[PDB]
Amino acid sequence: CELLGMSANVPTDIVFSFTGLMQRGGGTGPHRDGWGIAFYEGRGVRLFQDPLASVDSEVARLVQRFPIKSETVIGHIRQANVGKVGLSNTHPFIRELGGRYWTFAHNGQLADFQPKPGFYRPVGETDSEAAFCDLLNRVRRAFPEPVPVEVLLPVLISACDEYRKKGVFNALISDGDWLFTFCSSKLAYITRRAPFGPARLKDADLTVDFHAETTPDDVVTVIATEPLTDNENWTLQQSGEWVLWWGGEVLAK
């Protein structure tokens, strides 16, 4: 329950409910693991994130109080405390390329990763952000001008392939239209077609509720590190498998 995405064909509701901190057996006791949730409202993007916390922060309250409704959502919950702290090291990451805001979320670890500095440079010290910028540099070099998805698709797959050669590289990328997924370790998804009733996905210290259909033609796909609902149409992805989503539909894989 780390990576979490959504691609829909209509702006759909998503309520995040972080269970307030509590004394437990292990997980989210006096503290809380870092999280991040980015989503789109047209071409614009909203980002709410927070690194390791020993209190129920204002940003954590902000995501919950905001009536969210989008077609593209990328998030990363319970990000490994490994390494360094701070906001600059919290997923997901944003950067504009071609007049579109790109969003990136990575789960896993990369060993001996040292990409050549380019146009885009990481602000933080994460290997995830270094990977994001590098991938962005390859897309910018190979395609100076905006090019349709299928064209820039090969460069995406290529970079992901190389990164997985140095460690675990599960990732979610989006320019606000499509939502690129890549599995190295584990990733899963489930498409829901109208008519559908409200569903409640949940972690151990999190709950994301979904409502009923807006129109009789709704299609909404949820992507997670692993099924959050008792296996239904939850399809499990294998190592090396990528999928390009857009409008909740599979474009290519």
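Residue numbers run from 1 along the displayed sequence.
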Using only C-alpha atoms and the B-factors in the entry, which stretch averages higher, 97-105 or 117-125?
117-125
Which has the higher mean CA temperature factor in the PDB entry, 180-188 or 23-31?
23-31
Which of these, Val73, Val85, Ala171, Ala130, has its C-alpha atom at the highest B-factor, as the entry lists it?
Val85
Between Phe48, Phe39, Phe66, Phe210, which one tops the list for Cα B-factor in this entry?
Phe66
Taking the chain's C-alpha temperature factors as the reference, tell me which third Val15 falls into: lowest, middle or highest.
middle
By the entry's values, the third containing the CA B factor of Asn137 is the middle
With respect to C-alpha B-factor, does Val59 fall in the lowest, middle or highest third of the chain as deposited?
lowest
CA B-factor placement of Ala204, once the chain's modelled residues are sorted into thirds
highest
When the deposited Cα B-factors of this chain's modelled residues are ordered and cut into thirds, is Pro227 in the lowest, the middle or the highest one?
highest
